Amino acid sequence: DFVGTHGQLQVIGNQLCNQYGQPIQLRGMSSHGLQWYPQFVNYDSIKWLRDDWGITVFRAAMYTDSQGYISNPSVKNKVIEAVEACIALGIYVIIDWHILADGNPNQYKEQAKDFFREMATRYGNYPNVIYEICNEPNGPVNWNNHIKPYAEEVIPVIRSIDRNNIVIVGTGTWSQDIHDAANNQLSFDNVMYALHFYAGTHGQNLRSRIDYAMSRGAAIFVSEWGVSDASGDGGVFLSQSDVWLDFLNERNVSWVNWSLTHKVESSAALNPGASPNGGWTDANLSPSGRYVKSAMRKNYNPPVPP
């Protein structure tokens, strides 16, 4: 019962902490698009990731555009299923308003308010829940006059129901521009800024940005990363993945791998034919999957309650 041990999460300075104010790192897996690969998101597969890999957080990627929530709102049911599974299993869950093709978060801001208002009404009293209000802002979309104003409209709605659970806020250039966010941070409490990286693409320059942002007091959550290049394909970069995870582990920065699906691409955790309900043998895991399972509990020492 990981949530039973660590309870309510909170941000102190630049660090995510547990209910006793102890720095804590989460690690886990992201679903792919719930409108495209829902069959891998269920109580069975999440329990297996808990028991066999040792994840402590699971991310439900609910695309808004690209046949997702806006055009097919029944995908909301997969979010409800993932959240209720994680409450039953005692792990944390990220509810991800997964913008991408809709690179400006303000495009569906009214629908985001209504959606997060219902999620907080349903689950805001559970410590498991983490809100991620805009996956990857991208394009000609900036912190100071697009993302920050969006966040200042959505978060008061969440906080009007759920006073304390963590909100992760995406940053510019597909959640790379955490230095803009760090130089002009949100006033709310218990907020973190998202940093996304891919080991085939991003290197020491982006790692330096994490140190710059944390030095200004900003808390950073790696809510999506892959072993591939940033297209999600292009082979697997395990040596580079090792430097990134060691760097993040050293700094207690939480991380969530992309993605739990059998799509035929380097970042996918599962080979075609892997069961939708977990129990995967090594033959069922892709190279990325085998590596991420190995990394999930490497050098993982969560705090001991007082």
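The first residue of the shown sequence is 1; numbering continues from there.
In this entry, the higher average B-factor at the C-alpha atoms falls on 203-211, of the pair 103-111 and 203-211. When the mean C-alpha temperature factors of 233-241 and 47-55 are read from the deposited coordinates, 233-241 comes out higher. The top Cα temperature factor in the record, among 73, 170, 90, 139, falls on 139. Across 96, 189, 224, 81, the entry's maximum B-factor at the CA atom is seen for 189.
Sorting the modelled residues of the chain by their CA temperature factor places residue 274 in the highest third. When all modelled residues of the chain are sorted by CA temperature factor, residue 39 is found within the lowest third. Among the modelled residues of its chain, residue 123 has a C-alpha B-factor that falls in the highest third according to the deposited record. Among all modelled residues in this chain, the alpha-carbon of residue 10 has a temperature factor (C-alpha) in the middle third. In the deposited entry, the Cα temperature factor of residue 67 sits in the top third of values across the chain's modelled residues.
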